[PDB]
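Notes follow once the structure below has been shown.
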Amino acid sequence: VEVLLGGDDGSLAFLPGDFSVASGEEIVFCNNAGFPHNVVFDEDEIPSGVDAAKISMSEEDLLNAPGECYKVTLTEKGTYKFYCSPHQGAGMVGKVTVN
Ligand SMILES: [Cl-]
Ligand SMILES: [Cu+2]
């Protein structure tokens, strides 16, 4: 599934921000507007056994170009909360349910 990063209206948002995928189904987060962005999973808000450092972009790496995306495949079932580092304080946060 594809998730857009930033709205054409200027929202610092993941679009969609709350969604579901099946275990093993990719998520591809692609720049749309408002970048730079990244995708970081909050290590306190993901299922047991998951290594946040394997599924997150490095806090320092940014998708700074119009055509860039970040792909991640989640397997462990449950909810994952994630955010964009530069825009976390502006509410650029999301939730995915892996079912
Ligand atoms: Cl992992
Ligand atoms: Cu952002």
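The way I read the labels, and the way they are meant: chains A, B, ... in the order of the structure tokens, residue 1 as the first residue of every chain, and ligand 1 as the first ligand shown, with later ones counted on from there.
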List every residue of chain A that has an atom at most 12 Å from any atom of ligand 2, giving for each one its closest atom pair and the distance in Å to one decimal, counting only C-alpha atoms and all ligand atoms, sorted by chain and then by ascending residue number, as CSV.
residue,atom,partner,partner_atom_place_in_ligand_line,distance
A:4,CA,ligand 2,1 (Cu),10.6
A:5,CA,ligand 2,1 (Cu),6.9
A:6,CA,ligand 2,1 (Cu),6.9
A:7,CA,ligand 2,1 (Cu),10.5
A:10,CA,ligand 2,1 (Cu),10.9
A:11,CA,ligand 2,1 (Cu),9.5
A:12,CA,ligand 2,1 (Cu),5.9
A:13,CA,ligand 2,1 (Cu),7.2
A:14,CA,ligand 2,1 (Cu),8.3
A:15,CA,ligand 2,1 (Cu),11.6
A:29,CA,ligand 2,1 (Cu),11.0
A:30,CA,ligand 2,1 (Cu),11.0
A:31,CA,ligand 2,1 (Cu),9.0
A:32,CA,ligand 2,1 (Cu),10.3
A:33,CA,ligand 2,1 (Cu),9.0
A:34,CA,ligand 2,1 (Cu),6.7
A:35,CA,ligand 2,1 (Cu),5.8
A:36,CA,ligand 2,1 (Cu),5.9
A:37,CA,ligand 2,1 (Cu),3.6
A:38,CA,ligand 2,1 (Cu),6.0
A:39,CA,ligand 2,1 (Cu),8.1
A:40,CA,ligand 2,1 (Cu),10.3
A:59,CA,ligand 2,1 (Cu),11.6
A:61,CA,ligand 2,1 (Cu),11.7
A:62,CA,ligand 2,1 (Cu),8.9
A:63,CA,ligand 2,1 (Cu),9.0
A:64,CA,ligand 2,1 (Cu),10.0
A:82,CA,ligand 2,1 (Cu),11.3
A:83,CA,ligand 2,1 (Cu),7.9
A:84,CA,ligand 2,1 (Cu),4.6
A:85,CA,ligand 2,1 (Cu),6.6
A:86,CA,ligand 2,1 (Cu),5.6
A:87,CA,ligand 2,1 (Cu),4.5
A:88,CA,ligand 2,1 (Cu),7.2
A:89,CA,ligand 2,1 (Cu),9.8
A:90,CA,ligand 2,1 (Cu),8.7
A:91,CA,ligand 2,1 (Cu),9.2
A:92,CA,ligand 2,1 (Cu),6.1
A:93,CA,ligand 2,1 (Cu),8.8
A:94,CA,ligand 2,1 (Cu),11.2
**OP:** All residues within 10 Å of ligand 1 are required, counting only C-alpha atoms and all ligand atoms; please report them as an MDAnalysis selection string.
**Re:** chainID A and resid 47:56 73:76
Prev. selection, N, CA, C and O atoms, output as a tab-separated table (two decimals), in the first residue's frame:
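After the write, result.tsv holds the following:
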chain	number	residue	atom	x	y	z
A	47	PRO	N	4.88	-3.80	18.31
A	47	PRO	CA	4.78	-5.14	18.92
A	47	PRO	C	6.07	-5.71	19.44
A	47	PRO	O	7.17	-5.39	18.96
A	48	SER	N	5.92	-6.58	20.43
A	48	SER	CA	7.01	-7.31	21.00
A	48	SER	C	7.85	-7.99	19.93
A	48	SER	O	7.32	-8.49	18.95
A	49	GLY	N	9.15	-8.00	20.12
A	49	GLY	CA	10.04	-8.68	19.21
A	49	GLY	C	10.52	-7.86	18.03
A	49	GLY	O	11.49	-8.25	17.36
A	50	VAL	N	9.86	-6.75	17.75
A	50	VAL	CA	10.22	-5.94	16.59
A	50	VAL	C	11.36	-5.04	16.98
A	50	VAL	O	11.33	-4.40	18.05
A	51	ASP	N	12.36	-5.00	16.13
A	51	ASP	CA	13.50	-4.09	16.30
A	51	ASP	C	13.23	-2.74	15.60
A	51	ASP	O	13.27	-2.63	14.39
A	52	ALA	N	12.95	-1.69	16.38
A	52	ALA	CA	12.59	-0.39	15.80
A	52	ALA	C	13.65	0.12	14.83
A	52	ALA	O	13.33	0.79	13.84
A	53	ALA	N	14.91	-0.20	15.10
A	53	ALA	CA	16.02	0.27	14.27
A	53	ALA	C	16.08	-0.40	12.89
A	53	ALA	O	16.63	0.16	11.92
A	54	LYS	N	15.51	-1.59	12.78
A	54	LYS	CA	15.41	-2.25	11.49
A	54	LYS	C	14.27	-1.70	10.62
A	54	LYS	O	14.39	-1.71	9.38
A	55	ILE	N	13.17	-1.26	11.24
A	55	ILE	CA	12.01	-0.84	10.45
A	55	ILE	C	11.92	0.70	10.27
A	55	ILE	O	11.13	1.17	9.44
A	56	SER	N	12.73	1.43	11.01
A	56	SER	CA	12.72	2.89	10.96
A	56	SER	C	13.80	3.42	10.02
A	56	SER	O	14.86	2.80	9.86
A	73	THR	N	8.42	-3.40	5.26
A	73	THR	CA	7.54	-4.54	5.41
A	73	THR	C	7.47	-4.98	6.86
A	73	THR	O	8.47	-5.30	7.47
A	74	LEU	N	6.26	-4.98	7.39
A	74	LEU	CA	6.03	-5.34	8.77
A	74	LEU	C	5.43	-6.76	8.77
A	74	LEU	O	4.65	-7.11	7.90
A	75	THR	N	5.79	-7.55	9.76
A	75	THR	CA	5.30	-8.93	9.88
A	75	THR	C	4.54	-9.19	11.19
A	75	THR	O	3.42	-9.68	11.16
A	76	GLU	N	5.15	-8.86	12.33
A	76	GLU	CA	4.50	-9.03	13.65
A	76	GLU	C	3.14	-8.30	13.76
A	76	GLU	O	3.02	-7.09	13.45
Subject >> Sel. of helix (DSSP H, G or I) residues, chain A, as an MDAnalysis selection string >> reply: chainID A and resid 52:55 88:90
Subject >> Residue set, chain A restricted to strand (DSSP E), as a PyMOL selection string >> reply: chain A and resi 2-5+14-15+18-21+26-31+40-41+69-73+78-83+93-98
